[PDB]
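Chemist: This structure is in structure tokens; I'll ask about it shortly.
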Amino acid sequence: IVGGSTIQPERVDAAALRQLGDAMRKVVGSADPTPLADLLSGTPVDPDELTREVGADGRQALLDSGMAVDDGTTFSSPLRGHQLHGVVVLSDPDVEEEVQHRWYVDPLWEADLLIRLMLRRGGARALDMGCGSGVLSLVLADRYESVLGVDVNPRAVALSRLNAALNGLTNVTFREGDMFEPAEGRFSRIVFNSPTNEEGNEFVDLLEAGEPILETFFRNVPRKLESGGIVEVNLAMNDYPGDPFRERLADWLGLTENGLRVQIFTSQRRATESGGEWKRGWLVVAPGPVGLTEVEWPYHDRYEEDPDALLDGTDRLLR
Ligand SMILES: CN[C@@H]1[C@@H](O)[C@@H](O[C@@H]2[C@@H](O)[C@H](O[C@H]3O[C@H]([C@@H](C)O)[C@@H](O)[C@H](O)[C@H]3N)[C@@H](N)C[C@H]2N)OC[C@]1(C)O
Ligand SMILES: Nc1ncnc2c1ncn2[C@@H]1O[C@H](CSCC[C@H](N)C(=O)O)[C@@H](O)[C@H]1O
């Protein structure tokens, strides 16, 4: 019921989308919403008041692209707008798992925090694996010559293309596919907000794909990573008795064989049935002494107190 709406930026002209985006930049994230911001808040709005704000052609672009639906009397949006780190981003609303369509897109549960964790350097070529709304791709576009976003969710690819268009971004490319299949060549930066959480080894859905999606990602990272390159990964990790996640990750990566350095920053931690541990952390591959290091960095708690404590934290902890 939520996350199956049609998204069609190709049905709308590129300048019109940029103009819509400009209108969203003005009002999205500001309290006391205008009609446009309220539409993008999930509030049914009067289509005439909306027209005052985006014009009649902007009014048509919203309908054609699928950002808005005519309920007859009112307009409503299946999507929700965000403005953060200099981009505007539409995504699905935050709702319970029981009402999520198969193509439900991550509503930015962690994107703002992850962007604050990301190393602030730029470079030549970036890959955003499982790009969802496109949010990480869009931010990376400001400091990378080109960015590729990949997702197996066709709806996420359309949404990603829509968001790029809204921001007038021209150096970002999105491809539908499974993992690294549409990603040719190597990248100096790879970022992955992985679909892993509480499911362990089991595939639940596109947002909880199980540990095997991390095996496949990390096994292939060495032939995809440019020499000197950086990989950043949000993930859940499961330590079982005599079987910690880190030993498996080292194997997948071919740590010594490939000359790789990994640091894991663990933020949340919880005891399990098996006498094991469930962890959520931030994993970084970056040039340095071959090996794996794990530290405790409670960036969730610190995000809640002061979001900008996280800026360059990962740089401080590596340089
Ligand atoms: C791409 N990675 C993400 C990953 O960041 C993580 O996000 C969870 C998220 O699902 C949780 O979100 C959960 O809880 C919210 C709400 C009650 O807060 C629900 O509305 C939502 O349906 C539920 N999945 C949230 N509470 C913590 C994040 N770290 O877990 C899910 C994910 C899709 O794998
Ligand atoms: N085999 C696969 N190949 C590419 N993407 C996949 C995949 N399996 C799951 N995914 C995608 O991984 C994404 C993780 S949700 C993260 C979305 C976005 N990067 C953000 O940070 O908000 C989902 O969009 C899901 O569709």
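Each chain in the structure tokens gets a letter, A, B and so on, in the order shown; residues start at 1 in every chain, and ligands are counted from 1 in the order they appear.
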Can you pull out every residue with an atom within 7 Å of ligand 2? Use only C-alpha atoms and all ligand atoms and format it as number ranges by chain.
Modeler: A: 105-111, 128-136, 150-153, 156, 177-179, 192-195, 206-207, 209, 213
Chemist: If we count only C-alpha atoms and set the cut-off at 7 Å, which residues sit around stretch 226-240 of chain A, ignoring sequence neighbours fewer than 5 positions away in its own chain? Please answer as a list in words.
Modeler: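 Here the qualifying residues turn out to be residues 186, 187, 188, 189, 190, 191, 192, 193, 194, 196, 197, 200, 245, 274, 276, 277, 278, 279, 280, 281, 282, 283, 284, 285, 286 and 287 of chain A.
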Chemist: Under the rule that only C-alpha atoms are counted, which of A:66, A:298, A:58, A:42 is the nearest residue to residue A:155?
Modeler: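 Smallest distance to residue A:155 is found for A:66.
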Chemist: Looking at A:170, A:268, A:30, A:77, which one is nearest to ligand 1, with distances taken over only C-alpha atoms and all ligand atoms?
Modeler: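 Of all the options, A:268 lies closest to ligand 1.
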Chemist: Quick one: DSSP strand (DSSP E) residues in stretch 13-172 of chain A, as a count of residues only?
Modeler: 30
Chemist: Of the residues A:293, A:91, A:220, A:73, which is the one nearest to residue A:254, using only C-alpha atoms?
Modeler: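 The closest residue to residue A:254 is A:220.
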Chemist: Find the residues around residue A:39 up to 12 Å (only C-alpha atoms counted), leave out those fewer than 3 positions away in its own chain, and share them as an MDAnalysis selection string.
Modeler: chainID A and resid 24 27:28 33:36 42:47 49:51 53:54 59 62 67:70 74:81 90
Chemist: Just asking: which residues within stretch 7-231 of chain A are helix (DSSP H, G or I) according to DSSP, as a PyMOL selection string?
Modeler: chain A and resi 9-11+14-27+35-39+47-65+97-99+111-117+135-140+154-166+212-224
Chemist: Pick from A:316, A:143, A:161, A:300: nearest to ligand 1, with only C-alpha atoms and all ligand atoms counted?
Modeler: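 Result for the nearest residue to ligand 1: A:300.
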Chemist: Using only C-alpha atoms and all ligand atoms, which residue out of A:204, A:139, A:225, A:126 lies closest to ligand 1?
Modeler: A:204
Chemist: Measuring atom to atom with only C-alpha atoms, identify which of A:117, A:164, A:311, A:1 is nearest to residue A:21.
Modeler: A:164
Chemist: For atom CA of residue A:125 and atom CA of residue A:154, determine how far apart the two atoms are, in Å to one decimal place.
Modeler: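 Taking atom CA of residue A:125 as the start and atom CA of residue A:154 as the end point, the length is 22.9 Å.
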